[PDB]
């Protein structure tokens, strides 16, 4: 048991089955209609919903089967794909992700928690080409609206019954090495953007953040010390526990993605040691396990999940 991210949790995306694979093809082909492709998706999602439950998972997603990033953004007023172009004032009114959640929530039940993933608001700032004149003249203006667009977004998800929302942010990984563009400045615009975006976060709602590559050393100060997020899904390799754990908050749980979700190799004693090492820097009481990223062979997939469930079980629970 648990509340926020569970000892055995997962990023969210799941491998596309052949049903969803075949369908998405006939659609762009012209054989099936948008209003028709949804049904299959509904069947497929339902199939993966049960599987996450049969492996032991407590948090269940829709495996991002309907395809959770630029689709979410391009559905915000003032934004439209063509990357995403910001051509008007950012806003939220009626997003398609609301019914997709209601659907998921339906299939999950009351004995499990529905997890919803959307990109981080800072994902629009970067991968988005600002075209609007005002935002182009005043950056603060852009950040403000985008944050309200998110306050309203989150509220709409909450109202829909979401109690576990995750922000996928792959922007921090960029300013982690190599390189420059805007060093030592983005972490600020972003940290303030994120906190503002989730400023009006209900007490019973959990908002985790997936930092895709991974809590590097640089973006580790403002991330675990300044960011007002509940949990963090950090991914690690087999060969490296980085004292960057500036996490002083006894409620800031950080999920450790020690399970390879791409290859297949994998020692058990290594993971236990690795976690153990982490437990030294930050109490085991507030650490979680999961595979490194979201899955995206099927058999192998769920097997690694039951592996997460087994490990977290014999590790957590004292």
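Residue numbers count along the first chain shown, from 1.
- A chain break between residue 265 and residue 266 is present, corresponding to 1 to 3 residues of the deposited sequence without coordinates.
- In the deposited entry, the stretch joining residue 240 to residue 241 is interrupted by 1 to 3 residues of the deposited sequence lacking coordinates.
- For the segment pair 251-259 and 27-35, the entry gives 27-35 the higher mean B-factor, averaged over Cα atoms.
- The question of which stretch, 115-123 or 130-138, has the higher mean Cα B factor is settled in favour of 130-138.
- Among 166, 177, 155, 192, the highest C-alpha B-factor in the deposited entry belongs to 177.
- Going by the entry's values, 182 shows the largest Cα B-factor out of 77, 230, 99, 182.
- Ranked by Cα temperature factor within the chain, residue 3 sits in the highest third according to the deposited record.
- The PDB entry assigns residue 148 a C-alpha temperature factor belonging to the lowest third of its chain's modelled residues.
- When the modelled residues of the chain are ordered by C-alpha B-factor, residue 105 sits in the lowest third.
- In the deposited entry, the Cα temperature factor of residue 10 sits in the bottom third of values across the chain's modelled residues.
- In the deposited entry, the Cα temperature factor of residue 89 sits in the bottom third of values across the chain's modelled residues.
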